[PDB]
Amino acid sequence: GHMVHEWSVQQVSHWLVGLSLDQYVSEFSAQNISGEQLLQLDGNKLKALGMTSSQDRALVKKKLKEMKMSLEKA
(Lines give C-alpha, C1' and ligand atoms only; values in the text may rest on other atoms or scores of the structure.)
Protein backbone atom coordinates (compact mmCIF):
# COMPACT_ATOMS: atom_id res chain seq x y z
CA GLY A 1 0.00 0.00 0.00
CA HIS A 2 1.91 3.00 1.29
CA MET A 3 2.88 1.84 4.73
CA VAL A 4 6.42 2.06 6.14
CA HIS A 5 6.89 -1.63 6.68
CA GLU A 6 6.48 -1.93 2.92
CA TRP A 7 9.25 0.53 2.17
CA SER A 8 12.29 -1.00 0.69
CA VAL A 9 15.19 1.42 0.90
CA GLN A 10 14.74 4.56 -1.16
CA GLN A 11 11.20 4.95 0.18
CA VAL A 12 12.59 5.49 3.69
CA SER A 13 14.17 8.78 2.45
CA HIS A 14 10.80 10.42 1.82
CA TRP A 15 10.31 10.35 5.52
CA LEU A 16 13.82 11.50 6.52
CA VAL A 17 13.76 14.42 4.11
CA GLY A 18 10.47 15.54 5.66
CA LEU A 19 12.00 16.05 9.07
CA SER A 20 15.24 17.53 7.61
CA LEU A 21 16.92 14.19 8.21
CA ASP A 22 17.88 14.02 4.50
CA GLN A 23 21.41 14.03 5.89
CA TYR A 24 20.70 10.51 7.17
CA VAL A 25 19.37 9.21 3.80
CA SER A 26 22.98 8.95 2.64
CA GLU A 27 23.56 6.23 5.20
CA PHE A 28 19.95 4.98 5.81
CA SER A 29 19.79 3.83 2.23
CA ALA A 30 23.29 2.39 2.43
CA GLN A 31 22.41 -0.10 5.15
CA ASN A 32 19.02 -0.77 3.55
CA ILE A 33 17.18 0.74 6.48
CA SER A 34 13.52 0.23 5.74
CA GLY A 35 10.39 0.87 7.78
CA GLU A 36 11.26 -2.34 9.59
CA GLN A 37 14.19 -0.62 11.20
CA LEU A 38 12.69 2.90 11.02
CA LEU A 39 9.93 2.08 13.52
CA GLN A 40 12.18 0.43 16.08
CA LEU A 41 15.12 2.90 15.77
CA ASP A 42 17.04 3.66 18.92
CA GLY A 43 20.23 5.54 19.68
CA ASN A 44 22.36 2.49 18.86
CA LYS A 45 20.91 2.41 15.43
CA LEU A 46 21.23 6.21 14.96
CA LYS A 47 24.79 5.90 16.09
CA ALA A 48 25.32 2.99 13.69
CA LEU A 49 24.44 5.40 10.91
CA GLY A 50 27.75 7.04 11.85
CA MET A 51 26.11 10.43 11.89
CA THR A 52 25.36 10.53 15.64
CA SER A 53 24.04 14.07 15.20
CA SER A 54 22.75 15.70 18.42
CA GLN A 55 19.66 17.40 16.85
CA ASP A 56 18.73 14.33 15.02
CA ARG A 57 19.22 12.06 18.01
CA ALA A 58 16.27 13.82 19.55
CA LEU A 59 14.31 14.82 16.44
CA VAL A 60 14.27 11.60 14.40
CA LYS A 61 13.60 9.94 17.67
CA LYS A 62 10.34 11.72 18.08
CA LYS A 63 9.35 11.33 14.50
CA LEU A 64 10.12 7.61 14.25
CA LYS A 65 7.86 6.72 17.14
CA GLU A 66 4.93 8.69 15.75
CA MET A 67 5.56 7.27 12.26
CA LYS A 68 2.40 5.34 12.66
CA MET A 69 0.41 8.52 12.03
CA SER A 70 3.11 10.36 10.14
CA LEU A 71 3.59 7.70 7.41
CA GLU A 72 0.22 8.46 6.11
CA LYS A 73 0.02 12.18 6.40
CA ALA A 74 3.68 12.74 5.40
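Residues numbered from 1 in each chain as written, not as in the entry; some residues may be left out. Heavy atoms only, no water.

- The chain has the name Neurabin-1 in the PDB entry, where Rattus norvegicus is given as its organism.
- The PDB lists this entry under the title "Solution structure of neurabin SAM domain".

**Some thoughts on the overall build of the chain**
Inference 1: Of regular secondary structure, the chain possesses six helices and zero strands.
Inference 2: The order of α-helices and β-strands along the chain, N terminus first, is α-α-α-α-α-α.
Inference 3: Relative to the 2.2 N^0.38 estimate, which gives 11 Å for 74 residues, the radius of gyration of the chain is 11 Å and therefore close to what a compact globule would have.
Inference 4: Burial analysis of the chain (74 residues in total) assigns 38% to the buried set.
Inference 5: Sequence separation of at least 24 residues holds for 59% of the intrachain contacts in the chain that already meet a minimum separation of 6.
Inference 6: Of the accessible surface of the chain, which amounts to about 4,300 Å², a share of 49% is contributed by carbon and sulfur atoms.
Inference 7: Taking the average place of the 9 positive charges on the side chains of the chain and the average place of its 8 negative ones, the gap between the two points comes to 8 Å. (Helix = DSSP H or I, 4+ residues; strand = E, 2+ residues; numbered from the N terminus. Rg over C-alpha atoms; globule rule 2.2 N^0.38 Å. Buried < 20%, exposed > 50% of the residue type's maximum accessible area, 1.4 Å probe, protein only. Contact = heavy atoms within 4.5 Å. Areas by Shrake-Rupley, 256 points an atom, 1.4 Å probe, with all protein chains shown as cover. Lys, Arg positive; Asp, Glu negative; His and termini not counted. Charge placed at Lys NZ, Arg CZ, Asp CG, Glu CD.)

**Details of the environment of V25**
Inference 1: Within the secondary structure layout, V25 lies in helix α2 (residues 22-28).
Inference 2: With relative accessibility at 14%, the residue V25 sits in the buried group.
Inference 3: For the pair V25 and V12, spaced 13 residues apart in sequence, the C-alpha to C-alpha distance is 7.7 Å.
Inference 4: When near neighbours in sequence (up to four residues on either side) are disregarded, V25 contacts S13, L16 and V17.

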